[PDB]
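Chains k, h, 5, 8, a8, Af and at, in that order, are what the protein sequence lines are.
Residue numbering for the first sequence follows PDB author numbering, starting at 136 and increasing by one per position.
Residue numbering for the second sequence follows PDB author numbering, starting at 1314 and increasing by one per position.
Residue numbering for the third sequence follows PDB author numbering, starting at 1413 and increasing by one per position.
Residue numbering for the fourth sequence follows PDB author numbering, starting at 103 and increasing by one per position.
Residue numbering for the fifth sequence follows PDB author numbering, starting at 1472 and increasing by one per position.
Residue numbering for the sixth sequence follows PDB author numbering, starting at 1100 and increasing by one per position.
Residue numbering for the seventh sequence follows PDB author numbering, starting at 4247 and increasing by one per position.
The beta carbon of each residue, even a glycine, is placed where N, CA and C say it ideally should be.
Working notes, structure below.
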Amino acid sequence: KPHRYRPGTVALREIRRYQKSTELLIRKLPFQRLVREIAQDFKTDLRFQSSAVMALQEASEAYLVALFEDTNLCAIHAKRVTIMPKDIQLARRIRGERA
Amino acid sequence: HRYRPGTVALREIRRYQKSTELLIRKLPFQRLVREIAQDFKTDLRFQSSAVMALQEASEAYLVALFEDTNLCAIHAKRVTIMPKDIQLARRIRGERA
Amino acid sequence: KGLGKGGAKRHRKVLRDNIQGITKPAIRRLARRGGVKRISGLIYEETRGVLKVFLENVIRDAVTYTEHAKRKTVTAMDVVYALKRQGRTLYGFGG
Amino acid sequence: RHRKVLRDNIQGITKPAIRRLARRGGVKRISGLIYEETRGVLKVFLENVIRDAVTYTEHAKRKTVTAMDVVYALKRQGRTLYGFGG
Amino acid sequence: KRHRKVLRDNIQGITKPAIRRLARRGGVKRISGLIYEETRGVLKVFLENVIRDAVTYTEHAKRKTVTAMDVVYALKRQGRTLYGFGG
Amino acid sequence: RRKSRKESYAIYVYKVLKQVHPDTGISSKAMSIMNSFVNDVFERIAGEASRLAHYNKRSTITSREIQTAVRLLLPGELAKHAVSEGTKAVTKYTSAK
Amino acid sequence: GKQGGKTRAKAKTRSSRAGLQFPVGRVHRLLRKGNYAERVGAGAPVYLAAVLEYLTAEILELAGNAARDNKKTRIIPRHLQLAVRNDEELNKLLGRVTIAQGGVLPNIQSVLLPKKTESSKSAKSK
DNA sequence: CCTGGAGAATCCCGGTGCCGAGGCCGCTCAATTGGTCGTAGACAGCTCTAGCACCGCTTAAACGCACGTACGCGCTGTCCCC
DNA sequence: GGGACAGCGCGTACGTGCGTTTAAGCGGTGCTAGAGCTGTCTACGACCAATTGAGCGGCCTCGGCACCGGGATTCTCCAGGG
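Given below as structure tokens:
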């Protein structure tokens, strides 16, 4: 075999990178356009400071990572290694973020 | 030297698509246009613009029909287009009405 | 090789050749313009009948429009009205 | 030649972006349906925050949104962000 | 009310023998499994397009209920005209 | 007197083309295509506007019927952009003078 | 309307007040010639002229884009046909409309290619 | 190796310039009326409660109605000269 | 025309579940039953467009000729032969 790292094991290498580093894992410019787009629905004629966009990203990173960490415990309870939108929908309900 | 069947067709496909021309010969079409209207009305005169307009609509209608019948052939397993395809295409397109 | 040798014709028009003037190569180019790879031998006679029916329907309205105008010339404005009602509206002849 | 009004506005968060956040949670692999769901849960989360953020901005009578308004929105929502302070 | 916002939920469960009866009405005798899904899709696409004219006509009249007359105006615009439900 | 006026939109189409693209020319033959295209679309929108008034027992035509007609003819992107252009035109008229 | 002032001849054309290109007086001149309706309000001629301008401008811009691909600075009816048959929204309109001295897009099917039921080829667009 | 399409030097298409023509787009007043802004008086449709037997909808299931599989030719496709 | 050439068009014997009736019990969506106002089209009065023709002068288009890119042969390599 051409020394292909196992699909299960490639996560472990990716684990040690993100568990050791502090960074932002969402593209900035696509997020910049998305944040500017959702504003038009509620309030048009608006500008956006760079600090405001970064702060919105920082909340998003912690929101999803906390969702991912809690959803993993949902998967470990369901006897499956994989997380599923079944668990994510439950995670939003129990955390109170669904409504 | 010798072009095997189907080789020149592909070249001709890529040529007529980008061209701007009338594929029906001018003189026979004028005689055809006058004759069909001759029985409807005897004493008639035809302008040059009307003949050009009739040819373009007649050619484009046939060209559009040929595209549909080409897609009728691909529905079957035959590259060749038979009268089975044209008659079926006319019914679906509503021409036989 | 010399002379007609067979199939030669020196009889132009004279109540003939109006619809048979659309020879096999003429039909081929129309087929190639829409895009084909091979056409049966029966498509040539069928094409002449198909073209005549479309022309007959359009010209039937056109002569009717011309007679209502009390004129003998048939203009591009009369034929385009027939196409517009049928649905094959033709642009570029509006003046 | 050209595509229409916009693209990648919400689809800009591709599979690696979700996977990198997934690798942050420890998981190994995901089902394919998460990628549409993660974009959806992101959209509702931003909408809740951005609704509060523009509300402060409108009260300030300005056309620019600052991080202070975002912090105020996040602090009240239970998602307080101690970063980007004075 | 107004508890339903998104249209993700589908209530378009067309019945299989109804498709068979509709197909056999047109002369069909052997229906495959993949036919059923697209048969609903064709109906959905046709219903979507005709209803676009109905809402536009309804909004112009500032109405809350679509009348049969508005349907005939929408139907006759698309080439498929129904008789007896308007005029 | 050959004073008979032909309502041709070639000059107006040419002016619009010049504004968006000063360096792009227009063929004389292609002018009739746009002129007939404008007339056909004008008849389509006007015909829809007339029908809307008859159905709604209205003996007047205003911007609302045209906006309704545009939505009944143009698809999604085309309608919303035409409505936006149409909405801006009437609003500016009330204040331009 | 008590408007006796310096100018009493022609202040601005009705289309020129907003800044439009297609005149609106001509549209209103013979609008009632066709028996569409009676008592036409002022909103309709302005709305109709504007939407026509938007449609006219879009076709011209796309035709110029197609013209540049063909190394021509003049809008040949082939350029207009390419614009019409390149957008699904524009495809529905003029579905069966014939364009004089125009053309049709260079479309081909896979089985027409030498390899039966295959159109892999090499780098050729579409 | 020719096949049959593609490249750099000669040859065909779009450009610029100048003349008098005689109608077009630009103002220019006349005259009776005519739409938008205020009132008019009449009836139509839109929301919420009532009566009494219909209607749609789900499981109770075991005989028959078709897509998957193997066979068999039987039609069509293409290559070769006048 | 004349052989090989690849599936898929019928019909088996058998499982799997959704289909139209049958009592019965709490609701839905139009029609009235009322009024108060908006829309909607009638009269006025000094004028505003935008239409209809006319003299003058300065401007726009097919013609040809230089280029540089597209049509032709003659070798270079991707197509079934050794």
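If you draw a straight line from the Cα of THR1485 (chain 5) to the Cα of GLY4349 (chain at), it is about 29 Å long.
The beta carbon of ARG4324 (chain at) does not come within 8 Å of any beta carbon belonging to chain 5, so the residue lies off that interface. Your pair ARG1511 (chain a8) and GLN1483 (chain a8) checks out as a contact, with CB atoms roughly 6 Å apart and the cut at 8 Å. For the pair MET1540 (chain a8) and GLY1557 (chain a8), the Cα-to-Cα distance works out to about 5 Å. Here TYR1111 (chain Af) really is in contact with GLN4267 (chain at); their C-beta atoms are around 6 Å apart, less than 8 Å. In terms of beta-carbon proximity, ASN4311 (chain at) stays away from the interface with chain 5, with every pair separated by 8 Å or more. If you check the CB distance, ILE229 (chain k) and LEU202 (chain k) do not come in under 8 Å. Distances from the alpha-carbon of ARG105 (chain 8) to those of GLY4280 (chain at), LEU4308 (chain at), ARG4263 (chain at) put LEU4308 (chain at) closest. Residue range 136-161 is occupied by the alpha helix (DSSP H) that includes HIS161 (chain 8).
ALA4312 (chain at) is not a Cβ neighbour of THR1123 (chain Af), given a cutoff of 8 Å.
Look at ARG103 (chain 8): its C-beta is under 8 Å from a C-beta on chain at. With respect to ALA1129 (chain Af), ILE4321 (chain at) sits close: the two C-beta atoms are nearer than 8 Å.
Interface annotation for the segment 1433-1450 of chain 5 against chain at: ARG1445, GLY1446, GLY1447, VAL1448, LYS1449, criterion Cβ-Cβ distance under 9 Å. Not a single C-beta of chain 8 is nearer than 8 Å to the C-beta of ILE229 (chain k). Sixteen is the threshold: since fewer than 16 other Cβ atoms of the shown chains lie within 10 Å of the Cβ of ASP176 (chain k), the residue is exposed.
Burial of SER1371 (chain h) is indicated by the presence of at least 16 other C-beta atoms within 10 angstroms of its C-beta.
Between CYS1385 (chain h) and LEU1375 (chain h), the CB-CB gap reaches or exceeds 8 Å. For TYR1493 (chain 5), no Cβ of chain Af is located within less than 8 Å of the residue's own Cβ. A residue is called buried once 16 or more other Cβ atoms fall within 10 Å of its Cβ, and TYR1544 (chain a8) is buried on that count. In chain order, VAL1537, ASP1541 place their CB closer than 7 Å to the CB of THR1529 (chain a8), counting only its own chain and leaving out the 5 sequence neighbours on each side. Annotation for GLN1368 (chain h): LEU1335, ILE1337, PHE1342 place their beta carbon closer than 7 Å to its own, counting only its chain and skipping 5 residues before and after.
Around the CB of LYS1449 (chain 5), 16 or more other CB atoms lie within 10 Å, so the residue is classed as buried. Of all residues in the segment 1353-1370 of chain h, those with a C-beta nearer than 8 Å to a C-beta of chain 5 are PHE1353, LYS1354, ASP1356, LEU1357, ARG1358, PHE1359, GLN1360, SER1362, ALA1363, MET1365, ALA1366, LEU1367, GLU1369, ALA1370, reading in chain order. Ranked by how close their Cα comes to the Cα of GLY4280 (chain at), the residues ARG1163 (chain Af), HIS1120 (chain Af), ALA1148 (chain Af) have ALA1148 (chain Af) in first place. Using a 10 angstroms sphere on the CB of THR1527 (chain a8), the tally of other CB atoms reaches 16 or more, which defines it as buried. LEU1442 (chain 5) and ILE1394 (chain h) have their C-alpha atoms roughly 13 Å apart. Residue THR4319 (chain at) holds the alpha-carbon nearest to the alpha-carbon of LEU1116 (chain Af) among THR4319 (chain at), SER4366 (chain at), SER4261 (chain at), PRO4291 (chain at). In this structure the segment 1348-1365 of chain h lies against the segment 1467-1474 of chain 5, because at least three pairs of beta carbons, one per stretch, are closer than 8 Å. At a cut-off of 8 Å between C-beta atoms, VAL107 (chain 8) does not count as an interface residue with respect to chain k. Going by beta carbons, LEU4336 (chain at) and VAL4330 (chain at) fall inside the 8 Å limit. Linking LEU1427 (chain 5) to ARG1391 (chain h) through their CA atoms gives a straight-line distance of about 39 Å. Taking a C-beta distance under 8 Å as the contact criterion, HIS1120 (chain Af) and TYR4300 (chain at) do not qualify as a contact pair.
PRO1437 (chain 5) sits exposed, since fewer than 16 C-beta atoms from the chains shown fall within 10 Å of its C-beta. Of the residues assessed, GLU1184 (chain Af) falls on the buried side of the cut-off, its CB having 16 or more other CB atoms within 10 angstroms. Cβ neighbours of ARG4260 (chain at) within its own chain (closer than 7 Å, five residues either side excluded): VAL4270, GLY4271.
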